[PDB]
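Nothing in this text is a laboratory measurement; each read-out follows from the coordinates by a stated rule. Here Cβ is always computed from backbone atoms with ideal geometry, including for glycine, and neighbour counts include all displayed protein chains.
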Ligand SMILES: Cn1nccc1C(=O)NCc1cccs1
């Protein structure tokens with residue numbers, strides 16, 4: 001079926017939970033043996049969220065190459081994304097090592113450091129220009145260059161230096177700051193505006209390594225971001241945009257990381273975002 005009318009048909013029939021459970025039943029199951037080794041327990045935020053072995057990002061290190069991060073490679077859309085958990089106190093150096101080694105231009109953050117009165121990820125970037133951060137375990141230096149605070153998101157320019165070679169690179173930090181502590185946003189308008197700002201920066205384009213996207217577990221809000229982006233790109237590429245099947249795209253992405261889209265409310269929000277986004281693209 002088309003998307004917008006499949007949408008109203010699920011609303012009128014109140015069957016979002018049943019649709020979402022079907023997706024969960026059909027999703028791929030692949031091994032995640034490296035994630036479950038005992039030496040990696042303090043590298044995982046949640047015991048039930050792990051990268052598959054076949055798609056995990058490897059650190060360029062001979063001691064321990066493990067990070068909780070996955071490469072989502074979308075062949076028809078010609079887009080790739082790295083989805084990862086919010087960094088932990090003992091993995092902030094690994095996180096920036098990955099950004100460096102994978103040649104990423106941008107980092108997309110969809111959570112606040114504290115939500116619901118608890119810490120959802122480490123404070124992994126510097127908050128003042130004159131107070132830079134040094135990660136001694138991976139030999140990197142990170143400096144805040146500029147910060148632009150808007151009503152729904154903040155954009156930061158960061159300098160990442162590899163202290164071993166003295167090479168430097170500019171990294172863009174796109175921080176969506178207004179996702180509610182409970183539920184999903186009422187309107188997708190500010191989330192779509194944010195996605196378009198990430199696109200306009202070049203961070204999603206083929207001349208750079210894959211964008212790094214995270215929330216707390218790296219599967220819920222993070223899944224919504226890449227699902228909406230890929231679906232809109234396919235609607236632009238195909239002769240028949242109504243052929244794009246958001247459930248099929250989501251199942252394809254779940255071949256690369258488990259659990260993408262965590263609730264039926266996030267599934268409905270993803271439909272809403274793609275539907276509204278397709279009108280603004282045109283041609284309107
Ligand atoms: C050390 N350890 N033993 C078992 C599990 C862990 C662990 O590091 N878990 C992740 C988190 C640490 C602190 C906040 S979340």
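Quick check on my filter: what residues within the range 46-101 are more than 16 Å from the chain's Cα centre (by Cα) and within 16 Å of the ligand (Cβ to nearest atom)?
46, 47, 48, 64, 66, 88, 89, 90, 91, 92, 93, 94
Looking at 146, 187, which one is surrounded by fewer than 17 Cβ atoms within 10 Å (Cβ to Cβ) and part of a loop (DSSP other than H, G, I, E, B)? Write out each step before concluding.
Values: 146 fails: part of a loop (DSSP other than H, G, I, E, B).
Every option except 187 fails the conditions.
Taking residue 9, is it away from the ligand (no atom under 15 Å from the Cβ), more than 18 Å from the chain's Cα centre (by Cα) and either assigned to a strand (DSSP E or B) or in contact (Cβ under 8 Å) with a residue 12 or more places away in the chain (or both)?
no
Being assigned to a loop (DSSP other than H, G, I, E, B) and within 19 Å of residue 72 (Cβ to Cβ) is the filter; apply it to the range 16-43 and report the residue that is nearest to the ligand (Cβ to nearest atom).
Applying the filter and picking the extreme gives 35.
Using the structure shown, decide if residue 122 is within 16 Å of the ligand (Cβ to nearest atom), at negative phi and within 21 Å of the chain's Cα centre (by Cα).
Here the answer is yes, as residue 122 does meet what is asked.
When the residues of the range 103-117 are filtered to those that are in contact (Cβ under 8 Å) with a residue 40 or more places away in the chain and part of a strand (DSSP E or B), which remaining residue is farthest from the chain's Cα centre (by Cα)?
115
Would you confirm whether any residue within the range 118-129 is free of Cβ contacts under 8 Å to residues at least 40 places away in the same chain, in a strand (DSSP E or B), surrounded by 14 or more Cβ atoms within 10 Å (Cβ to Cβ) and touching a helix residue (DSSP H, G or I) at 6+ places or on another chain (Cβ under 9 Å)?
no
It is to be established whether one or more residues within the range 228-236 are within 17 Å of the chain's Cα centre (by Cα), surrounded by fewer than 21 Cβ atoms within 10 Å (Cβ to Cβ) and touching a residue at least 40 places away in the same chain (Cβ under 8 Å).
yes
How many of the residues making up the range 89-110 are buried (at least 18 other Cβ atoms within 10 Å of the Cβ) and touching a helix residue (DSSP H, G or I) at 6+ places or on another chain (Cβ under 7 Å)?
Qualifying residue count for the region: 5.
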